[PDB]
Structure formats: C-alpha cells, structure tokens
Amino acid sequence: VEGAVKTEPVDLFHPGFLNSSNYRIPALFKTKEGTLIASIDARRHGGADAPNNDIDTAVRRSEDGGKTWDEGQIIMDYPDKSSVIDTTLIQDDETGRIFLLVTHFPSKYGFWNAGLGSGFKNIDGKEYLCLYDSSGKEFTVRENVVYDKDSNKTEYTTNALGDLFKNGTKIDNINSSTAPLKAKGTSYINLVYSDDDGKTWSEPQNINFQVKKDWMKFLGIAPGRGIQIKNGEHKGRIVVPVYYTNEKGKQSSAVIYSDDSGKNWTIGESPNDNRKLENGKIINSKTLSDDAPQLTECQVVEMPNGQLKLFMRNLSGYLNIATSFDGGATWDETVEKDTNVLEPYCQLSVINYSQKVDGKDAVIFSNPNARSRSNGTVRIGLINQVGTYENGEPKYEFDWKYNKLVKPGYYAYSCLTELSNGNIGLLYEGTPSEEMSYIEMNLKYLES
C-alpha cells in the first residue's frame, strides 16, 4: 500500500564480518538517546552451541535510526573454546547506563554438562569464586587473590576476565582447558555496561553468586531484551528474562531483576513454581520431572498498571503467557496457552509499543508462525482487560488483530525494537547461522 515501509533486508552480521564465519542469536535495542545497538554471538567455528565452538559477543551501533551501522566490535572474548552465548540488552533511563548480559561457560562446558550451583562459596559472609587444581583441591578468589582451603594466600591472582597470574605474570586463564587452577565447569551470568551510548563497555561482572541457586544446573540469559518497569510500585526495576534447569535437567523460565540501577540482582520465582496445570496438578521448578510443562526462553512486557507478562517458549505448540503482580518476584498459578499464536519451540520477541493502536494499548510480537522455524510473522496485539482475578487484580489478554508475514522460509530467533519515528526495527535469523537480517517496518505496512 502507498506509504507502507518494509525495507529490503540488510545483512547486519554475516560470514567474514569481524572475521567470524558464523553468527546467531540477535538482540536489538534503541537507547534513550536514539542509538540502535545490535548484539549477536560471533560463532567462530560453525553455528553449533557451546561447548562445540568458540563464541564471542559482537556489537554494532547505528546513530541514524538504522540507516547506517558502524564497523562493529567484539566486547567479550574468552580463550580456548570458553564461550559467551545469548545476549540481552536493557538500559536504566535514569542514569543512561546500558546493560548487556550473556551466559558464559568455561572451555568444555555447556547446557547439558553444566555442574550444579553457582560456582561460589561463602566464606564468613561473602561469596567467593572457587577454583580447583588437578587433584580437585578447592581454592577461593577473594578480591582477585587466590586463597587455599586453609585460607592461606597463594602466589596466584585473577582478573575479571579470568586471567590467572603467578606473582603478577600471566600464565593461563581459569576458563581454559589447560590452566592449573580452573573455575567450576558450569554456566555463569555475565554483565557488562556502557555509559557512552554503547561505544565502550566494561569488563564483565560474574553475578552468579546473587542469581544462581545451589539446585540449578544451567542458568542462562533468555536472549533478546529486558525492560525497565515504567508504572507503579516497582517503577525503575530492571527486569531481565532468564531460564534454568533443575537437577533432573527440566527447564523453567524466570526473570532476574535489579532495584538499584544494576548494582545488585535477584532471581524471582519461575511461573513453574506452584504452577497449577490445566487439570489442577501443582508443580514446582525445583522438582519438575516431566518434559511437557517446561518453560524456557522468554521475553517480558508491562501492562498499563505495571503488571508483567512473561511470553515463553514451551512444548505445547502454542504461546504461553505468565502474569506477575509483584514486579517479577512471583507469578500467578495459571500459565495461559494462547491458541491464536503458534510456538514451534523457538525463541520469540515481544515489546511494548509507545502509542495506542485502534484505541488500545498494544505490543509488537515476532516469531515463526508455524510448526517449524518458518513463516516469520510480526503481530500487533491489542491489550484488553477481560475480567479480574480472585485477588481483584485486572486480568489482561491479547487480541492479535494484525498479523503480517515478513519472512517466507527459514525464520528462527529474532528481536524487535521501536524506533524514534514510531516504526519497528527487527533483527532476525533468516538463515541458520550465517546472515542475520535487519529490516524497518511501519504500522501502515503491519496493518495492511
């Protein structure tokens, strides 16, 4: 239609960019200053997941609304097949700080073989990263100084990137396959930040000691974006979707969040905690022993009153949606199955939209609308209150009134953003692990 915009795809990441053969896992975010930040996994040895790769985090920026992009940079790169995978972007609008979080594994580890727990030990009221020698003896890192099990200082120190120094000389890195002292082989959540609109980034902080429980095996970022709550009693809270496995390997979604501008973090309950399944069975994420109720990668949006909605990858074939009345600390016992939205067991993107559509608050959604990773479709969901819960809170559901096919054929992970002009940017996996495509769309197109 006249005035509709759907730009021809640009390969924002592609084989050879930053000398990486492969790319996967898009994240896309517009900063308060109007800059677009795109992050991605630079998968250097193919498209495979950790541990069968060496994966770094790459970032590109656009200062002109996505028309042109910079030359890129690598912002986290560990040695020897230690990988960072699955990025997410969020900003604290009060401080202008941008956050990027990612999952990190030492060499040889990934989802399936992750060890239990955080990899930290409490010594006299502070958590310290553990290191292990060849015989399995346990050491702790205390303000970057390595102590043995009898609390004697050793000759070793570390840095934030895991380099291992003997008397001040680098000898290895605690994430490698050869270091004489190694971190526990498990997942870790890393956090970096930028105070200059994404041009430069801090070195990673390992926040596992705050967010990973002793009974979790894997805990990872659910890739895409987070939110900062705009309304109500938890205004300002930074919310970052995650998912984890228990000791039996079964997956449940949650969010981690910060009320102090990213300094400290907490993990909330999963929607699988005290979940009431369809016919009344009650489950918990710690004890879940069946595949069918699993909840995995997810993205979160906010309702007009501040209520949160967690949209989740799951095994039902359809979108699942959880509701939180308390800023992501806990979820209502009922997970909605929205049979109007196919979910082929793939990551999805959902965002709030800043203007009403047809008189209603709205969200924008992207996923493969099929029983396979194909038929990539962007939707506009209109929020409607459909009643109240027994506790008197509003109950909201979505009217998926506008649904537009944007990518025939292959379509896997994706990430949306609203642009400064009110249009929609989208970065998507239109190939398995090679070209990652960016387009801009307007609502005239999406509603046509």
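A residue's number is simply how far along the shown sequence it sits, counting from 1.
In this crystal structure, the stretch out of 107-115 and 242-250 whose C-alpha atoms carry the higher mean B factor is 107-115. Stretch comparison (130-138 versus 166-174) by mean CA B-factor in the PDB entry places 130-138 on top. Each of 276, 337, 235, 153 has a CA temperature factor in the record; the biggest one is found at 153. Comparing the C-alpha B-factors of 417, 421, 414, 39 in the entry, the top value falls on 421. Ranked by Cα temperature factor within the chain, residue 184 sits in the middle third according to the deposited record.
In the deposited entry, the Cα temperature factor of residue 426 sits in the bottom third of values across the chain's modelled residues. Ranked within its chain, residue 224 lands in the lowest third, by CA B factor from the PDB record. In the deposited entry, the Cα temperature factor of residue 201 places it in the highest third of its chain's modelled residues. Residue-level temperature factors show residue 436 in the middle third of its chain, judged at the C-alpha atom.
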